[PDB]
Amino acid sequence: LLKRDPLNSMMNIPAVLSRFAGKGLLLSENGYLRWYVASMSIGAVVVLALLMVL
Amino acid sequence: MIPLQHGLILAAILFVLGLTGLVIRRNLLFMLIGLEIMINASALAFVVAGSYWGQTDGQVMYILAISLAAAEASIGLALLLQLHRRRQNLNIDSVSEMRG
Amino acid sequence: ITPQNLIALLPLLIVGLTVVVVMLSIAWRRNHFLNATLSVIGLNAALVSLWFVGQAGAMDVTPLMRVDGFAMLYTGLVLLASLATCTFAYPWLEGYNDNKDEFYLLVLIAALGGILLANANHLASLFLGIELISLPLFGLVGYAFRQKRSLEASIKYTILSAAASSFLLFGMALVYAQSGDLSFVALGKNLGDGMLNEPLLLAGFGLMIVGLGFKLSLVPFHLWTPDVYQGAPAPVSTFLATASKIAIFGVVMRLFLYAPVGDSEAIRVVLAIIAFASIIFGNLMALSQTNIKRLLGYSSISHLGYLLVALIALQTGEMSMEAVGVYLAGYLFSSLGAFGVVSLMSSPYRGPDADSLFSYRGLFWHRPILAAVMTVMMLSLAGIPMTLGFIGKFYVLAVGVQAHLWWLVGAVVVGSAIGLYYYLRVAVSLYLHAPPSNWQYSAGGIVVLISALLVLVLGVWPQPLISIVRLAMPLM
Amino acid sequence: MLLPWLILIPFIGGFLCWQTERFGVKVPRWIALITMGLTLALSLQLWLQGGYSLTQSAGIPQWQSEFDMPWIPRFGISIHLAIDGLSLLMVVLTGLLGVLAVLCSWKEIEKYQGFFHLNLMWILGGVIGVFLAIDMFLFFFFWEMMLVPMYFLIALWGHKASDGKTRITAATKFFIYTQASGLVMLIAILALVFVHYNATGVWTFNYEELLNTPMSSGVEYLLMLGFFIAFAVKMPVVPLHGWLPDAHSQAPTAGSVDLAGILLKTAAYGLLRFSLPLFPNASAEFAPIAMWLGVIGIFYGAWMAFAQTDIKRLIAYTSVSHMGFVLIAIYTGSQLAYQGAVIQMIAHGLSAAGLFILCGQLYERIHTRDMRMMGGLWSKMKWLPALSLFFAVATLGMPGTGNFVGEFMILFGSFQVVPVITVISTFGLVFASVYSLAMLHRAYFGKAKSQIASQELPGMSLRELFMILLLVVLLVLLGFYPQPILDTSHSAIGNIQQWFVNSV
Ligand SMILES: CCCCCCCCCCCCCCCCCC(=O)OC[C@H](COP(=O)(O)OCCN)OC(=O)CCCCCCCCCCCCCCCCC
Ligand SMILES: CCCCCCCCCCCCCCCCCC(=O)OC[C@H](COP(=O)(O)OCCN)OC(=O)CCCCCCCCCCCCCCCCC
Ligand SMILES: CCCCCCCCCCCCCCCCCC(=O)OC[C@H](COP(=O)(O)OCCN)OC(=O)CCCCCCCCCCCCCCCCC
Ligand SMILES: CCCCCCCCCCCCCCCCCCCC
């Protein structure tokens with residue numbers, strides 16, 4: 001039951017999570033200038049709202 | 001007699017209109033037009049702020065803003081001419097080769 | 001206006017006179033060698049004249065400008081970045097069939113804007129310095145406009161930087177509407193008794209944060225960075241990543257230092273979220289990158305996140321300014337060497353049609369010393385000890401521990417581990433197996449070798465850099 | 001005075017090994033042997049002139065030697081070296097293992113052998129620097145600068161039969177584990193320095209001044225936990241162990257890298273020298289967790305060792321089980337168990353060095369590590385199966401070898417402190433016997449299970465045979481006469497024990 005070293009796999013889990021998160025984040029780098037402007041305006045909205053709620 | 005808030009709100013309205021025109025348009029020319037709208041709105045806000053305090057600094061910042069607007073309009077229209085020369089269309093979605 | 005104030009202005013005057021002289025020399029004849037030499041002579045002269053400005057002292061040359069050792073340190077970093085850019089640009093521009101001389105004029109004018117941002121003490125001077133480093137970068141990013149990727153990067157950077165300039169200008173206008181004074185020290189003066197967090201002041205600072213965080217590649221204003229870095233010419237990528245980031249973060253450092261609204265808790269929390277997201281996202285997006293330009297763009301996002309962590313601890317700590325100075329020296333040398341190795345392997349410019357892929361795999365077996373420099377900078381940007389990048393990481397961790405910024409400290413550790421993965425992947429790919437000849441290319445190799453030796457020496461022995469950064473003090 | 005040269009001699013020797021690469025391909029091995037022998041003989045000289053057996057516990061700090069030179073005075077950082085009995089035993093072990101590592105890679109005649117020697121001596125000098133530094137930043141600096149040469153030789157000089165992607169993956173896993181844990185330790189160091197500066201008002205990274213740091217209960221726990229996470233990645237403590245079998249399997253074929261970097265136990269030294277005196281109350285509360293992690297390490301490493309078909313992975317998991325014993329020993333607070341842990345560290349270094357050298361030789365002769373492809377090797381080899389039998393007999397803790405002295409002195413002290421954990425650990429010794437006999441039966445006994453095991457194999461060279469026999473003689477002498485080793489480290493162990501039990 002232990003021959004595959006389960007503790008090593010459970011400690012290897014954060015590497016899998018990092019690879020999945022990086023692959024998911026790289027989808028936003030689609031190369032569209034209009035989406036880049038849209039993301040700038042979205043970030044402006046988020047920053048302004050965060051500054052207003054404190 | 002004129003509120004400062006009304007001038008600031010008018011500048012904000014023009015700024016968000018320019019931002020909307022920048023985002024929704026696929027043609028690069030209308031993107032440059034929206035950029036001109038946003039920078040003119042910012043210059044108008046500076047004029048309103050300078051006129052409220054009775055200072056020359058608002059008009060000076062207006063002069064600096066329109067100097068920037070002239071330079072950016074020149075450079076952007078040069079780039080648009082280059083795009084129309086190379087690709088024969090002004091679709092900004094086709095200029096999307098670099099990604100990842 | 002005093003003549004001692006004229007002595008405080010010498011970097012600005014020397015760079016402007018170099019601009020005029022190089023322009024007139026181009027008007028006489030188009031000589032790449034002579035105009036490039038005149039440009040590097042003017043930049044070297046301004047770097048030398050920083051000593052005379054240091055002997056002049058420290059004073060407020062205008063309601064706009066203020067010069068102290070803080071400003072001279074930032075001026076020196078910007079001038080060194082510009083000199084390295086010109087040195088890398090000459091073997092690059094040797095292959096450029098169009099006019100090779102406008103490059104140096106734009107580089108010099110951008111260095112002038114960097115100097116203004118180094119010395120800026122005023123919203124007008126900050127706006128002017130931002131635009132003066134931006135518009136020549138519009139020209140330089142698309143200097144090879146016939147190349148498809150360079151034209152794409154030029155259009156992207158021009159549109160997005162015009163939008164960010166509009167955001168920054170609108171925020172400045174709202175701040176001036178509240179305050180009635182464009183001086184840095186008066187941004188929050190008319191408030192008091194706990195009424196520091198005025199909503200219009202905070203929203204104006206938020207729009208300025210949007211513009212400057214675009215300029216600093218901070219998440220979520222960061223998506224332009226890999227595309228613009230990949231599409232731009234490699235010396236232009238070097239100049240952007242070093243000079244633009246250093247000058248704008250220096251002026252942001254100064255703005256948050258003297259503005260009384262810099263002690264606002266809301267801006268601190270927003271900048272903490274931005275720094276956290278920048279570190280994590282920039283490290284995570286560079287995991288699976290086979291292109292060194294995009295990888296270095298994501299790396300720049302993470303390193304500016306670390307710098308922002310040092311920025312948040314400004315008011316609570318005391319060693320925050322020194323931390324920013326030491327980190328910026330290490331980052332300048334590291335990014336200079338990295339993008340310089342990329343530049344000399346991308347030199348000469350092969351044309352608008354041929355690919356400009358780096359192909360770092362197996363670099364040691366045909367070009368070994370540059371491979372050694374490249375892996376030294378990979379270790380330095382990873383923050384590994386024996387490198388000055390570690391010394392900067394140690395300073396950032398010290399100011400995060402002293403200010404009890406535990407979330408940002410944990411972000412630094414986790415993003416450091418992810419960075420270790422991708423940086424070590426690049427550094428070991430340099431020594432795997434893969435399937436110039438003038439003195440200017442040798443000068444570029446000299447520049448990257450010198451920067452690598454400096455980062456190694458100040459990794460093992462960091463005390464001189466610490467002492468000379470501590471020598472710089474502002475007019476508090 | 002002679003400790004700065006103790007760190008500097010390996011660095012200069014590796015630098016000259018790289019520099020005189022132009023004079024020949026077989027040149028740098030002699031330079032490597034010269035500098036490792038010089039470090040070893042200098043350590044033996046300082047041992048012989050130390051007079052540790054006539055030293056009485058007079059509190060902490062108490063060094064045989066110390067040296068301070070200001071390096072970063074802005075933070076109060078200095079090159080601060082020191083040595084006493086325990087650290088001297090560790091550096092003598094480091095010198096002996098470095099000499100064995102140089103002798104192990106003797107026939108590696110490659111174009112870039114000089115750079116491999118430079119990396120090896122950077123590793124050895126870094127291990128010695130960790131063992132000698134008493135400035136916290138400087139100790140952390142050596143702790144992390146051991147990493148880069150080890151990464152580069154695992155990734156580039158590693159096990160050639162496996163693909164380069166596997167070696168790169170193992171190297172990156174090892175680097176990420178140890179460097180992330182080192183950064184956590186750096187965070188703990190910085191927080192401790194800042195807490196002392198807030199309490200008093202002076203910048204210092206000196207270990208002797210940070211000892212008297214008034215902290216609340218819970219901050220001390222967090223500092224101890226950061227130190228323990230670093231020292232538990234490098235110990236290895238489960239579940240932070242898997243880098244160790246993947247790094248051993250992808251280590252270079254000769255076996256020198258196993259000796260130089262891994263088989264020196266700097267994490268146990270760090271727990272004894274830094275975790276217990278700086279945070280004694282926090283270590284006292286943490287002791288049951290560390291003891292049960294040690295028990296889990298013993299049995300899990302034994303079961304993992306039995307399950308392997310690769311010999312090198314089996315030996316790596318054996319190391320995991322033995323260090324579980326050591327981890328139980330360190331947190332007992334018992335002088336007898338501490339001395340047993342010192343003996344166990346030295347005996348584990350010698351025995352695992354012998355096992356890894358013999359496994360590298362066996363792989364050289366049979367070109368496979370798979371135990372289902374070998375059998376009946378007692379009738380095919382002249383010296384290797386019997387020496388492997390000796391080192392597997394020492395591995396299970398047979399009396400007459402130093403491993404028995406270490407394990408049973410640990411168990412005597414632990415039974416004086418924690419009886420149930422001691423009982424479970426002795427059944428772990430039964431498990432050790434089981435996996436050692438399993439490896440002996442699968443490798444050298446029975447019938448040949450393939451074609452390479454049916455052929456007579458060449459006998460070992462005289463250099464490898466003599467270094468294996470030197471390890472055998474040292475292990476037997478440790479088992480039958482461990483008294484000089486105990487008298488060497490009695491004062492330092494006594495001072496650490498007294499500081500640990502007189503503060504709780
Ligand atoms: C993912 C990898 C990285 C690890 C995670 C990142 C680090 C996490 C650290 C969490 C720290 C939580 C602190 C909670 C209280 C903070 C506010 C407070 O009340 O502080 C009290 C005290 C300041 O008051 P003072 O009068 O100075 O007290 C002197 C006594 N020390 O404060 C102090 O005196 C200073 C307290 C410092 C505490 C130690 C911080 C570092 C500890 C080592 C690393 C974290 C633990 C190990 C790793 C966990 C698992 C990853
Ligand atoms: C016991 C708990 C308490 C103590 C905690 C101590 C924490 C520090 C010490 C332990 C660190 C554990 C790190 C585990 C992952 C190590 C890296 C690794 O395994 O990399 C290998 C893998 C690449 O190999 P492969 O599977 O072949 O992938 C092909 C790639 N296309 O790589 C990849 O696939 C990508 C790797 C990305 C970078 C590594 C992951 C970093 C994640 C954050 C680490 C910091 C700690 C966070 C908390 C961990 C859990 C407690
Ligand atoms: C992509 C992957 C990465 C991202 C996902 C994974 C998560 C990464 C982050 C993990 C770490 C999270 C933060 C851990 C530290 C929390 C600190 C904290 O809450 O401290 C509270 C308190 C502070 O002390 P306090 O009591 O306030 O002191 C003043 C008066 N005494 O503290 C105390 O009083 C002491 C509390 C001690 C217990 C808390 C720390 C647990 C650490 C767990 C790991 C280590 C476990 C032990 C070793 C295992 C084997 C190696
Ligand atoms: C830790 C600080 C930096 C240390 C130096 C890092 C490496 C620099 C380059 C030195 C020369 C490298 C030569 C590599 C040869 C590889 C041969 C492989 C053969 C299989």
Side-chain angles (χ1 to χ4, degrees), chain A, chain C residues 152 155-160 162-164 167 170-171 197 199 201-211 213-214 218-228 230-231 264-271 273-274 277 280-289 294 297-298 414 417-418 421-422:
Chain A
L1 184 74
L2 282 181
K3 70 173 188 338
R4 291 281 47 181
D5 209 346
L7 288 172
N8 193 7
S9 307
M10 162 225 60
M11 281 315 299
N12 280 15
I13 272 170
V16 185
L17 283 191
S18 289
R19 280 217 324 277
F20 171 75
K23 277 295 144 70
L25 278 170
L26 280 182
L27 293 175
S28 68
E29 296 274 1
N30 48 11
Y32 289 107
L33 175 58
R34 290 199 292 140
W35 158 242
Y36 292 171
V37 180
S39 71
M40 252 178 67
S41 46
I42 285 161
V45 157
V46 166
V47 161
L48 262 54
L50 280 171
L51 279 172
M52 278 324 93
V53 298
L54 322 163
Chain C
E152 174 174 327
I155 289 164
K156 279 173 177 169
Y157 187 68
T158 305
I159 297 306
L160 289 157
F167 273 108
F170 192 41
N197 319 295
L201 190 44
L202 289 193
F205 257 76
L207 301 158
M208 309 186 30
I209 275 170
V210 170
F214 167 83
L218 293 175
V219 166
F221 324 105
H222 68 289
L223 298 178
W224 66 278
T225 317
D227 306 31
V228 168
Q230 183 193 355
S264 171
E265 226 45 64
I267 310 183
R268 177 158 303 119
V269 165
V270 169
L271 289 164
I273 297 156
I274 288 164
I280 299 304
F281 280 21
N283 287 295
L284 280 176
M285 278 183 300
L287 276 162
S288 59
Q289 290 299 323
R294 311 187 62 86
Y298 301 129
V414 171
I418 303 159
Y421 181 87
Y422 73 77

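So that the names make sense, note that chain A is the first sequence line, chain B the second, and so on, each numbered from 1. What's counted below: heavy atoms across the whole structure, side chains too, no hydrogens, waters or symmetry copies.
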Review point. Does the side chain of C:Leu223 come within less than 4.5 Å of A:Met40's, by heavy atoms?
Key: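 Answer no - side chains too far apart.
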Under 4.5 Å from any heavy atom of chain A - which part of [X]:
| X | value |
| --- | --- |
| C:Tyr421 | neither |
| C:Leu160 | both |
| C:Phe281 | both |
| C:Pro226 | side chain |
| C:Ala164 | both |
| C:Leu207 | both |
| C:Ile159 | side chain |
| C:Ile273 | side chain |
| C:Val269 | side chain |
| C:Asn197 | neither |

Return the minimal non-hydrogen interatomic distance between [X] and [Y], and the atom names on each side.
| X | Y | answer |
| --- | --- | --- |
| C:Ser288 | A:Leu26 | OG-CD1, 3.4 Å |
| C:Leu284 | A:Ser18 | CD2-O, 3.6 Å |
| C:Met285 | A:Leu25 | CG-CB, 3.7 Å |

Exercise for review: Return the option, out of C:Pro199, C:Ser264, C:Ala163, with the maximum number of heavy-atom pairs under 4.5 Å with chain A.
Suggested key: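 With the most close heavy-atom pairs to chain A, the winner is C:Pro199.
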Practice item. For chain A, find which of C:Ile280, C:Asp227, C:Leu287 contributes the most heavy-atom pairs closer than 4.5 angstrom. Key: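 Maximum pair count with chain A is reached by C:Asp227.
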Exercise for review: Tabulate, in ascending numerical order, the residues of residues 41-54 of chain A having at least one heavy atom closer than 4.5 Å to a heavy atom of chain C, or enter 'none'.
Suggested key: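 Within residues 41-54 of chain A, the residues under 4.5 Å from chain C are A:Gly43, A:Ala44, A:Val47, A:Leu48, A:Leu50, A:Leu51, A:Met52, A:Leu54.
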Review point. Is there any residue in residues 5-14 of chain A with a non-hydrogen atom under 4.5 Å from a non-hydrogen atom of chain C, and which ones are they?
Key: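 Result: none.
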